[PDB]
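Notes follow once the structure below has been shown.
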Amino acid sequence: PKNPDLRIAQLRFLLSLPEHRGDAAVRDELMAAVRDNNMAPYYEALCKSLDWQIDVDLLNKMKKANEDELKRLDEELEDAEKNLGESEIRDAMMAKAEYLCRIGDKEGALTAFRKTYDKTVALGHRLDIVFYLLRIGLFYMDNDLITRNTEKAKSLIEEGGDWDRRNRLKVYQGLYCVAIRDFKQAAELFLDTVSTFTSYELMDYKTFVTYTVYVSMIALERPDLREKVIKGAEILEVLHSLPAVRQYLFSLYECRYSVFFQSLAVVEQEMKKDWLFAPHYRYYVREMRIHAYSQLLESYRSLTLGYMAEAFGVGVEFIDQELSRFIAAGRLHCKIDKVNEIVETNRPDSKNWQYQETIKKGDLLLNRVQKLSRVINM
Amino acid sequence: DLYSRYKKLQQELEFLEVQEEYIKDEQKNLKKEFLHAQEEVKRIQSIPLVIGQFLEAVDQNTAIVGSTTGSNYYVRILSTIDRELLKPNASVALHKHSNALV
Amino acid sequence: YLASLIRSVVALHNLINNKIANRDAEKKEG
Amino acid sequence: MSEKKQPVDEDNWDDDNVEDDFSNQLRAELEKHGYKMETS
Amino acid sequence: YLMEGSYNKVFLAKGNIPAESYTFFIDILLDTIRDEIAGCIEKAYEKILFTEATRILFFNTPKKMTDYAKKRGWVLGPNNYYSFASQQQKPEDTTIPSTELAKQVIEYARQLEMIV
Amino acid sequence: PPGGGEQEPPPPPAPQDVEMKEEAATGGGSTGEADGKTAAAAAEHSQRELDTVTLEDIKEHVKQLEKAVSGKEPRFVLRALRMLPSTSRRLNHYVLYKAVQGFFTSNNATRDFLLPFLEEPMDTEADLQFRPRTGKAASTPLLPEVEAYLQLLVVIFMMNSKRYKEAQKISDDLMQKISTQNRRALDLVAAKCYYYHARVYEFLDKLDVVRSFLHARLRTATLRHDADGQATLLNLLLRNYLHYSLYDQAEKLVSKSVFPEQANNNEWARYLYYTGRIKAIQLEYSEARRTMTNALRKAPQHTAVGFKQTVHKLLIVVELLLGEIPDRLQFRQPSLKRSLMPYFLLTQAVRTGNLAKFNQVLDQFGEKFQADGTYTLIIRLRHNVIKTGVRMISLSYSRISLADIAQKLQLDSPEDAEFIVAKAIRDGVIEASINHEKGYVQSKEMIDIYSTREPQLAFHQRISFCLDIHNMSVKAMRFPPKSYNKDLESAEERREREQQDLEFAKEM
Amino acid sequence: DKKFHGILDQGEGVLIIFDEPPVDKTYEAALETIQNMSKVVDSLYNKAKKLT
Amino acid sequence: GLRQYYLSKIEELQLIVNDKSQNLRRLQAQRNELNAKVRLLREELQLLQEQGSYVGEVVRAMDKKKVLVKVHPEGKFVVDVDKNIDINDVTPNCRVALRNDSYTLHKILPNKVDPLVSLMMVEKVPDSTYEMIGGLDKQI
Amino acid sequence: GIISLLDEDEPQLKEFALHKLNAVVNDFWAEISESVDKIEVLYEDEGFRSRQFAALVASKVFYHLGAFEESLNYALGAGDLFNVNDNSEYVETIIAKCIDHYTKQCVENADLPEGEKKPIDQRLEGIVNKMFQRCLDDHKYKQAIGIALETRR
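Residue numbers (PDB author numbering), protein chains in the order written: chain Y, 12 to 389; chain D, 39 to 140; chain Z, 261 to 290; chain e, 1 to 9, 40 to 70; chain d, 142 to 257; chain V, 18 to 525; chain X, 371 to 422; chain C, 19 to 158; chain U, 7 to 159.
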């Protein structure tokens, strides 16, 4: 089975990466791990876990039950081939080789899956096999194997419309585009939030709502925010139950800058303690700060530095070192004066900034074809 | 002998020197001569031109047409035609006697 | 800069098209 | 092949740029705000 | 220390010559400071009285300040170092780019069309 | 007896099986095909010789009980190898000593018995005119003596065997090196014995008279033959001249033999590095870093990369000397991570504007930089540190007191805060004026670099470059054109039948 | 909200009003070609690097 | 000094012979390919004057290297074959190429489309599968 | 290190220098290769006890630099101490200069020897017929039939 299978990996995160936080994860992850016949994927998680030497017999009764389902596959594969319904061995392990995907490792999964792919002449099972390969490619983060079956996936939906196999697929490309730091594409795959469903993997629809708003607030500008997320009733009624997220969205839209850093520290703190966002939680708020600084600062030209501590967020030296490292970081288009206590902005053209990334990609691809040019021809 | 071993071996350096200059001359001369014959092929294409329809090709640069006289034919191509401007029910031009693609 | 950038990639792809014509001809003919 | 005649002896880069700007700055920037509430 | 803008620390090393005399070398080190800030006295120095740039190097009021102030500019004035700064004439040339660059466009077209 | 009698008798025959095929086909091929007709410019026992080096670097490990290499020496050293009437019995002599290993006990070559494995150029019609056979059959015993190196009294066996190799070598230096690839073949054997010949002398001997014999070897290089003595005799010349370098570099500047124009993709590759550190240590920076990069991008797809660990470090040493900095752990390895821990933290300190952070790294890994042999180049970075500071602050702020920048840069002195920025105007890092009377440092807002000649300059550096890589992909596309023999117009007999049927159609 | 653009001064309320789209069509259209061609060179490994 | 002097020139000239010979062998093939393009390009204007080739339909073959071929608007012909075409390779109900002056069998073209394939292509039944069956499993 | 002692004005230190500029001429060949070339200063300075040896060590040092006309003019101006040694790997280096330049000179002297003739040194023609006596006396005459053509005489 692969429908509750993501909470397992989320709780492997919750086991491993928070150092202090390692007790309830070895409670509930064992609670799910030595039941429903799971054997293989927690030996190295047992190394990262405690001793658990008492669990040898727990491994023995469950390699015994694993042997029971294995040997009744071995009981099915001869009456299954005795009378040929439709390759009935692979009709057995087209449902039980996914059990073997959960229970065993990826190998007896994959040879039975690339095996069973040639059985069903219609894609109504093929594309489900491909969904399973997508999900195990997510679990083992097989970032090359997801690129294969995403294309092999998408090549199957064009016959039929299959929007329960295309929007459902857009959930997967959304989770991969937010797995990597591709946020303007991640919200773009998170565009609908209407055809999206009460999932197996985001069983809270509202957690999906928090995800799409957290990626949207970077991914899109004001016009988009001032029409899409602010007027959506389907997006409004689900943050209607959210006290902080409705506040955290409206503190930015309604120019409530001081509490925005408080709720920003909250969501950034949970994001620091969150799977799949803990790779980029520092990347998130370093864009949030410069985003709000761009928002307020690209209104006026002669606004002083001491104005912002009381109306924006406390700490004059914090705004000092904070804007200093952003102008010094080559963004946040302004130019601060110091010993007369005033902040001045300018406006640059779309020339040199757009020139910059062109010489970046030009030097990058020049490195690429130069390197390959030395690779071929000795 | 050893004395001839150097003089008769620089003799083929003098004999060797001319030939790269020669192929240097023919390198441009086949180009400028090549552009003359390049245009020369379209004497077949001029006025008295009959019309068929493209059907399919056997292989590279040889195909099958259906003439508007009613009968089908196994014909030849003309080389300078972009082959990617074909393959549906292309109305094609045929030479009135040789009966090949124009 | 764009056109000069692409032209070298064109000739590189043709060189791949020539080394496939070399390596699968030297063993095949002998 | 692959001999090296021996005379002598994404997932990472955007993250690495996050380290490049914010290498060691404001790691636990969580309570400094509440520490600036009374000083500012 | 002579690499960076360390100047007064060099005079502190003129306060600390520990090994032996080193006098013949620290006098060439005098001279190599003399032409140095005799040269880089010419910078964006908006106005300085006869105190600061006076006593940074060596000389308070001998006629050595007439030797530098009349060797170069920074004319002896009413407690005044005159900041003359034109920096205007030499820019705004298309012609030297229209000669060198017109050379370089032909240098493009040689290795663009003509076989070599 | 059971463990020895079951585990020991298969170590002879399968190394016997491969050594009946590697240097017996290199022996049967390189003798009759370099001293034979010719080994061409597309030689095959040169690279076959490379394989019969690299497999043998990792072939022998044990002290050779059951005579699995220890019986190979008294086998393979009794060789006339004169002609097919004399080698026709030698092909049996590849097998008659296997009766001596398997049936009897052979001469166990364990650190004592190499001297009776040496005088066989006298024994049984062995010669020296076949130095394709005797330089390969000199090296082929000269290698496994020094492959393990196992420094216990073998240095003199190594040494005297290198003396016999120097008899063959001087016989190449004077005696008939023309049209056989005697010199051309034994430049490979020359350099490959210069590696072990080098490392023994670095281990326990002197260094400096083989420098003079190396000057004689370079003197006879480039004159009689003009390949590969031009190449390897300058890295192998360089290898401790760098470690004992001073002014000699200018000799490598004025050297005619800087180019051999071809050095087999690796000696050229490390060659550009060995001369790259020359300009690095003698302060020519921007010219150095491009041959650092060019020396980097010419190294193979093997994993043991300690010299690539060195150039990966030194390549951005000089770029830290030039202000620019890429990321280095973009291809980080389990053999690159531990050797980049300290160094990435060093450049992490450089990419900040802090002053004493440089000291906080230099105390931490100054001994490590001495172990890298680079500490005297590490010591000069604080100039670049303060350029990073003044460029960062001068770009960031606009009107700041000089009595703030020294404290933020922990300079301890505002009195030279005018002076470092004064050399930032002498260096031209920042343009605008310091109000030296008041105390603030104003800066103008110089924008619109888009209307300058300089982005066309950054183009023009790269336009001709990518045209050149197109042109080299055109010149290198002239190796496939072959076997274009017969351009048949139409036919002959079909032309005759066209004349017959055409004559019938005109006849009608 | 970017429906109008300009500036607003705080000392006396000055609105410097200015507008021009400088160049938009060019560098991005030449730019996405580059990231197509990078994917092409990535495909050139799978007919070149593995092959010969 | 005739050894060290006169033999010191044969060692040098040969190096120029080796690479200039190689450059010559490169450059003459270089010309060769283009020369084949010139002759091949010139030959077509003579070749494109040649008459067309008829297309036919093999019914079935008979004795002594002969077949039975029908044409479109026309009638059935008994012709021979060329020397490069095998009788077992000649299949009944197959299109062929045909010269026109003597009706010698020229070449075998692509096969005719199957009439059953054209039949089902006319009819266009809605192709289906088990995955679009609604609740008829006992009948299945 | 003996490069430093070139401002003595006692010329005996200069002959002490050329005492060291011949025997170990290969390891400091790197050192003084292009740096200092004061051979002509004492070679023309009438403190002679160094002239007829001075052009020898220049003719040694410029060789691997190339400079075949430099070491050729100094080979002619080097006098008796130069050509007295032929038991080395250096006689092949110098007859390939002097005999080749002599015979390609004698191509012009086969064209126009009358008027604007060249100042042929008596060693420039002297090792020609001397080494030709090595050809006649070393029993080889399929070459001694040949160099007699090569000199165009």
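We treat Cβ as the ideally placed atom computed from N, Cα and C, and that holds for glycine.
Run of the alpha helix (DSSP H) containing residue i, from where it starts to where it stops
i: Y:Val278; result: 268-283
i: V:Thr43; result: 42-51
i: U:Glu122; result: U:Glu122 -> no alpha helix (DSSP H), and no H or E assigned at all.
i: residue 551 of chain V; result: Residue 551 of chain V is absent from the model: chain V starts at 18 and stops at 525.
i: V:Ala373; result: No alpha helix (DSSP H) holds V:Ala373; DSSP gives it neither H nor E.
Buried/exposed call for residue i, threshold 16 Cβ in 10 Å
i: U:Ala116; result: exposed
i: Y:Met389; result: exposed
i: D:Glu59; result: exposed
i: V:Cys483; result: buried
i: C:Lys142; result: exposed
i: U:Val42; result: exposed
i: U:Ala81; result: buried
i: Y:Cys58; result: exposed
i: D:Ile85; result: exposed
Among the options, the one whose alpha carbon lies nearest that of residue i
i: U:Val47; options: U:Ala61, U:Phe34, U:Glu40, U:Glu37; result: U:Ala61
i: V:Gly20; options: V:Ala51, V:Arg200, V:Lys38, V:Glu83; result: V:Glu83
i: V:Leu170; options: V:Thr141, V:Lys186, V:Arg201, V:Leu132; result: V:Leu132
i: V:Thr369; options: Y:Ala339, Y:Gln258, Y:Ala255, Y:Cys112; result: Y:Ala339
i: D:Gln98; options: D:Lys80, D:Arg81, D:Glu122; result: D:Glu122
i: e:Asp50; options: V:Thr364, V:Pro102, V:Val217, V:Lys273; result: V:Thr364
i: C:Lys83; options: C:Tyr24, C:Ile103, C:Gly70; result: C:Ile103
i: d:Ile256; options: D:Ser105, D:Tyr111, D:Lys66, D:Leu51; result: D:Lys66
Range covered by the beta strand (DSSP E) that runs through residue i
i: Y:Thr356; result: 353-356
i: D:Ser105; result: 100-105
i: Y:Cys112; result: Run containing Y:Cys112: none in the beta strand (DSSP E); it sits in the alpha helix (DSSP H), 110-114.
i: V:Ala97; result: Here V:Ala97 belongs to no beta strand (DSSP E), and DSSP marks it neither H nor E.
Chain-ordered neighbours of residue i on chain D, where CB pairs are closer than 8 angstroms
i: U:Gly152; result: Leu40, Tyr41
i: U:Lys66; result: The premise fails here: U:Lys66 is roughly 29 angstroms from chain D at the closest Cβ pair, so nothing lies under 8 angstroms.
Partner residues on chain D for residue i, Cβ-Cβ distance less than 7 angstroms
i: C:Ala115; result: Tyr112
Neighbouring residues, chain C, relative to residue i (Cβ below 7 angstroms)
i: V:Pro498; result: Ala47, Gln48, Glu51
Contact set between residue i and chain Z, taken where Cβ atoms lie within less than 7 angstroms
i: X:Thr396; result: What X:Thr396 touches in chain Z: nothing, since even the nearest Cβ is about 10 angstroms away.
9 angstroms Cβ cut-off: residues of chain Y touching residue i
i: X:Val393; result: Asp360, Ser361, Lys362, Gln365
Per-residue contacts from residue i into chain E (C-beta, under 7 angstroms)
i: C:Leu58; result: The structure shown contains no chain E; its protein chains are Y, D, Z, e, d, V, X, C and U.
Neighbouring residues, chain V, relative to residue i (Cβ below 7 angstroms)
i: U:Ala36; result: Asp265, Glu268
Within chain C, partners of residue i - CB distance below 9 angstroms
i: Y:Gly135; result: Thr147, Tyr148, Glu149, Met150
Complete beta strand (DSSP E) runs within the segment 150-201 of chain Y (minimum length 3 residues, chain order) | none
Complete runs of the alpha helix (DSSP H) confined to the segment 50-113 of chain U [at least 4 residues] | 57-67, 76-82, 86-89
Residue ranges of each alpha helix (DSSP H) within the segment 40-101 of chain D, 4 or longer | 42-78
Beta strand (DSSP E) runs contained entirely in the segment 48-91 of chain C, provided each spans 3 or more residues | 71-76, 84-88
Could you tell me which uninterrupted alpha helix (DSSP H) segments, each at least 4 residues in length, are contained entirely in the segment 247-310 of chain V, listed from first to last along the chain?
-> 249-258, 265-270, 284-291, 293-298
Where in the segment 168-245 of chain d do unbroken runs of the alpha helix (DSSP H), each at least 4 residues long, occur, reported from the N-terminal end onward?
-> 193-197, 205-212
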